[PDB]
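Novice:
Protein chains in written order, with the entry's author numbering: chain BH, 395 to 493; chain BD, 298 to 347; chain AA, 115 to 228.
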């Protein structure tokens, strides 16, 4: 009946300075070991993404498995043991600034 | 267990040190086994004597 | 070390009783085998039904060990290679290689340098 604990990863890099326009981001994770695979049609519901702002964090939904990014080919999916996660930000979303 | 005999042989005046010690089982005057330096198993129906 | 055996014993657990196939796979991951040839001297004792005493018999046997490939603070295959081969000073140009790197540089030669 208590709260859930926090568990995750943080990635710090300079490619993430994104201030204006329509932006498309793609993460690719290359994994190993022996573990079960999450069913496809719920991938976009397993993770939550936060991006750095001026005064707050910015949340960004993950694109579901059956559709492509606008004017491009990037897509959320499994590729053997590689995991692809794709995020779109619209032109009215705040800038992504250094932490 | 042989140590129970080791610690009592070491209590006799005049005994300096024990260089070797082992035990063996006899029934009806005949040796039943080869023996062992550290422990010996007894038969169900019999009481040990010297 | 983790020892392997052909027969059951007091502290010898059967691999058949692993929880699942993935448990077996994670058990056999990133590990090597070594076969060790071990010598010992058995003491003769006339009190133990030997024909005589005051002597020793030399005898040897084999043991199987499952060794990790690379662990920073424990025995691993890389550590054994380092101990065995890196006994003498190597030429200056090789000083920065590990033993398996100094071995692989010679088979991966032609993929590069062509």
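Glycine is no exception: its CB is placed at the ideal position from the N, C-alpha and C atoms.
I'd like to know whether the C-beta of residue 428/BH is nearer than 8 Å to at least one C-beta of chain AA.
Specialist: Here the question's residue 428/BH lines up with position 34 in the first chain. Taking Cβ atoms only, chain AA reaches closer than 8 Å to residue 428/BH, which makes this a yes.
Novice: Along the segment 131–148 of chain AA, where does the CB come closer than 7 Å to a CB of chain BH? Name the residues.
Specialist: The residues in question are 136, 139, 140.
Novice: I want to verify the contact list: residues of chain AA whose CB lies under 9 Å from the CB of residue 313/BD, in sequence order.
Specialist: The residue given as residue 313/BD occupies position 16 in the second chain. Under the 9 Å cutoff, chain AA gives no residues; its nearest Cβ is about 20 Å from residue 313/BD.
Novice: Return the chain-ordered list of same chain residues with a C-beta closer than 8 Å to the C-beta of residue 174/AA, the five sequence neighbours on each side being excluded.
Specialist: Indexing the third chain from 1 puts residue 174/AA at position 60. Cβ neighbours of residue 174/AA beyond the five flanking positions: 151, 152, 153, 154.
Novice: Whose CA, out of 311/BD, 313/BD, 318/BD, 331/BD, lies closest to the CA of residue 303/BD?
Specialist: Here residue 303/BD corresponds to residue number 6 of the second chain, with the count starting at 1. If we check each option's Cα against that of residue 303/BD, 318/BD comes out closest.
Novice: Which residues does DSSP list as the beta-bridge partners of residue 445/BH?
Specialist: As a first step, residue 445/BH must be located in the first chain, where it is residue number 51. According to DSSP, which records beta bridges pairwise, residue 445/BH is partnered with 452/BH.
Novice: What are the uninterrupted segments assigned as beta strand (DSSP E) that are 3 or more residues long and contained completely in the segment 154–206 of chain AA, given in chain order?
Specialist: Here the runs fully enclosed are 170–182.
Novice: With distances taken between CB atoms, is the gap from residue 219/AA to residue 211/AA smaller than 8 Å?
Specialist: Within the third chain, residue 219/AA is the residue found at index 105, counting from 1. Within the third chain, residue 211/AA is the residue found at index 97, counting from 1. Contact: yes.
Novice: Distance check for residue 410/BH and residue 137/AA, CA to CA, integer angstroms please.
Specialist: Within the third chain, numbered from 1, the residue matching residue 137/AA stands at position 23. Within the first chain, numbered from 1, the residue matching residue 410/BH stands at position 16. Each residue's alpha carbon lies about 39 Å from the other.
Novice: Less than 8 Å between CB atoms is the rule here; does residue 161/AA satisfy it with respect to chain BD?
Specialist: Position 47 of the third chain, counted from the start, is the residue given in the question as residue 161/AA. Yes, residue 161/AA lies at the interface with chain BD (some Cβ there is under 8 Å from its Cβ).
Novice: Relative to the C-alpha of residue 419/BH, which residue among 492/BH, 399/BH, 470/BH, 460/BH is closest?
Specialist: For this step, residue 419/BH is matched to residue 25 along the first chain. For the residues 492/BH, 399/BH, 470/BH, 460/BH, the minimum Cα distance to residue 419/BH belongs to 470/BH.
Novice: Looking at the unbroken beta strand (DSSP E) that takes in residue 325/BD, where does it start and where does it end?
Specialist: Within the second chain, residue 325/BD is the residue found at index 28, counting from 1. That residue, residue 325/BD, is in no beta strand (DSSP E); it is neither H nor E in DSSP.
Novice: Assuming residue 425/BH and residue 477/BH form a contact by the criterion Cβ under 8 Å, report the distance between their Cβ atoms to the nearest whole angstrom.
Specialist: Translated into positions along the first chain, residue 425/BH becomes position 31. Translated into positions along the first chain, residue 477/BH becomes position 83. About 6 Å; that satisfies the 8 Å criterion.
Novice: In this structure, does DSSP put residue 316/BD in helix, strand or coil?
Specialist: What you label residue 316/BD is simply residue 19 of the second chain in a count that begins at 1. If DSSP states are grouped into helix, strand and coil, residue 316/BD belongs with coil.
Novice: Closer than 8 Å, CB to CB, is residue 300/BD near chain AA or not?
Specialist: Within the second chain, the letter at position 3 stands for residue 300/BD. Not one chain AA Cβ lies under 8 Å of residue 300/BD.
Novice: Quick one: Cα of residue 181/AA to Cα of residue 158/AA, how far?
Specialist: Here residue 181/AA refers to the residue found at position 67 of the third chain. Here residue 158/AA refers to the residue found at position 44 of the third chain. Going by the C-alpha atoms only, they are around 35 Å apart.
Novice: Among 330/BD, 315/BD, 314/BD, whose alpha-carbon lies nearest the alpha-carbon of residue 287/BD?
Specialist: Missing from the structure shown is residue 287/BD; chain BD here goes from 298 to 347 and no further.
Novice: Which residues does DSSP list as the beta-bridge partners of residue 145/AA?
Specialist: As a first step, residue 145/AA must be located in the third chain, where it is residue number 31. According to DSSP, which records beta bridges pairwise, residue 145/AA is partnered with 182/AA.
Novice: Put residue 480/BH into one of helix, strand or coil per three-state DSSP.
Specialist: As a position in the first chain, residue 480/BH is number 86, starting the count at 1. Residue state, collapsed to three classes: strand.
Novice: For residue 434/BH, I'd like the list of residues in its chain whose CB is within less than 6 Å of its CB, leaving aside the five on either flank, ordered along the chain.
Specialist: Translated into positions along the first chain, residue 434/BH becomes position 40. For residue 434/BH, where only same-chain residues beyond five positions count, the Cβ hits under 6 Å are 459.
Novice: Kindly list the residues whose CB is nearer than 8 Å to the CB of residue 441/BH, restricted to its own chain and excluding five residues on each side of it in sequence; keep chain order.
Specialist: Walking along the first chain from the start, residue 441/BH turns up at place 47. For residue 441/BH, where only same-chain residues beyond five positions count, the Cβ hits under 8 Å are 456, 479.
Novice: Identify whether residue 303/BD lies in helix, strand or coil by the three-state DSSP scheme.
Specialist: In the second chain, residue 303/BD corresponds to position 6, counting from 1. Note: residue 303/BD maps to helix in three-state DSSP.
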